[PDB]
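For reference, the chain that follows is the form deposited in one PDB entry, supplied as structure tokens.
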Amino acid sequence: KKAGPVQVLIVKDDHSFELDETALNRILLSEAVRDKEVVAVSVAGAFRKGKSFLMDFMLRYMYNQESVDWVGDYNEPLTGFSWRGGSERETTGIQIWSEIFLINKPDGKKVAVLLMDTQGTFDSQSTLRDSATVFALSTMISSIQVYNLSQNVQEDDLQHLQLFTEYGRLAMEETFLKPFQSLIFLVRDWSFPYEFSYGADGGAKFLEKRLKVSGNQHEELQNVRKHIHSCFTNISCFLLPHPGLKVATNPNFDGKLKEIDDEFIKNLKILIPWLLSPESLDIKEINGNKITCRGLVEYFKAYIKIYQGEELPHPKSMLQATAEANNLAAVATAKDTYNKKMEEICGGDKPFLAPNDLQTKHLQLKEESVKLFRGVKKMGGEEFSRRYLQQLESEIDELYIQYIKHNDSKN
């Protein structure tokens, strides 16, 4: 029925990660949105840090682009669809919004925006692994990762980034492109507007001090500061102020808007567009290929097989995963091209085509669609690629078959 948060990936108590593929397919494989280039916005962070709360206002904005006052009526309590849904009942894992959002970039492109909520605990390793895995995945998939910290970017906050740098540096060498898109530090209750101002301007001078290496204090947090900037195309920071005390000292805050502090609402109002304004949306791209919702479904499947058991994958294994998904996505794109181009000539209905003619069109469009497959960059390497080549040839042969059926409907 109506939209709500659907728990697509969950961490099992046995330390294994189960991905509800079916729900993922309902959402991203729907015909309306399947073929759209995709923006994947994820918020990740500790439990009980104001994530859902924020993500509300992200929905309020998405369902109300037109409004100047999407934030809502001040004398009315906050209402609308809710990420908090059933109160937690909190478990490490990833939630996505049941409704994908369709939006036009300034250049007329109709993109799909996917909202991810990433919940995990960050305290004990047997509990960090899962979190760092959920975090890994979350970041791997997302085009935009907003990292939701409480009061400051702390060393332990920067620690969870360690897992990427190893994999980044590796991916970077093999692809010759930086591996991740945008990472955003969202500092939650900033209390030094006199040291750095709230919002992006100020958030950025803050992040520059915090990320600068060689307090001499840091240890192998040096390694992260050293390489963090090479792994991410862009890294930014937003200083968000305290919601006021009615919001902080209450669970499932049911108050009216006026209850929320003014400077929190002031700044919340620039923040959300900042992240999800049409100009600000960043299309997910791996290797320099833009990714399709269908395409994105491949990367889920691939990365999930990797994080099985307590042991975490080595960059090398992750890398190989990215190769699978990257290769698969090329198949779908090339097969889509063949399929859609064939549909004109063969016809959704009409008109008649002589058997030998269908033959000659098919194999040229098959050879040429295979060429496009070869054209796209492949993570793994030709040898690794070649197994997928066959798959594409085989998937096209079965599409050919289906098209002789249709063709052979002219008496």
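A residue's number is simply how far along the shown sequence it sits, counting from 1. Rigid core here is just the name for the largest C-alpha set that superposes within 1.5 Å across the two forms.
Of the two segments, 182-190 and 333-341, the one listed with the higher mean B-factor is 333-341 (C-alpha atoms only). As the entry records it, the average C-alpha temperature factor is higher for 116-124, out of 282-290 and 116-124.
Per the PDB record, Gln364 has a higher Cα B-factor than any other of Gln364, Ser52, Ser42, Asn64. In this structure the maximum Cα B-factor among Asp201, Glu99, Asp156, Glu219 is found at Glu219. Split the chain's modelled residues into thirds by C-alpha temperature factor. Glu88 is in the highest one. Residue-level temperature factors show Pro273 in the lowest third of its chain, judged at the C-alpha atom. The entry lists a Cα temperature factor for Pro106 that places it in the highest third of the chain's modelled residues. In the deposited entry, the Cα temperature factor of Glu310 sits in the top third of values across the chain's modelled residues. Ranked by Cα temperature factor within the chain, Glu173 sits in the lowest third according to the deposited record.
FYI, the form deposited in another entry isn't displayed, but the following is about it.
In this overlay on the rigid core, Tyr338 has a C-alpha that sits 2 Å or more away from its partner position between this form and the one not shown. Positional change of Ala321 between this form and the one not shown reaches 2 Å or more at the C-alpha, relative to the superposed core. Positional change of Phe101 between this form and the one not shown stays under 2 Å at the C-alpha, relative to the superposed core. With a change of no less than 3 Å, the CA-CA distance between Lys51 and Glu166 is smaller in the other form than in the form shown. Compared with the form shown, the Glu166-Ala132 C-alpha separation decreases in the other form, the change being 3 Å or greater.
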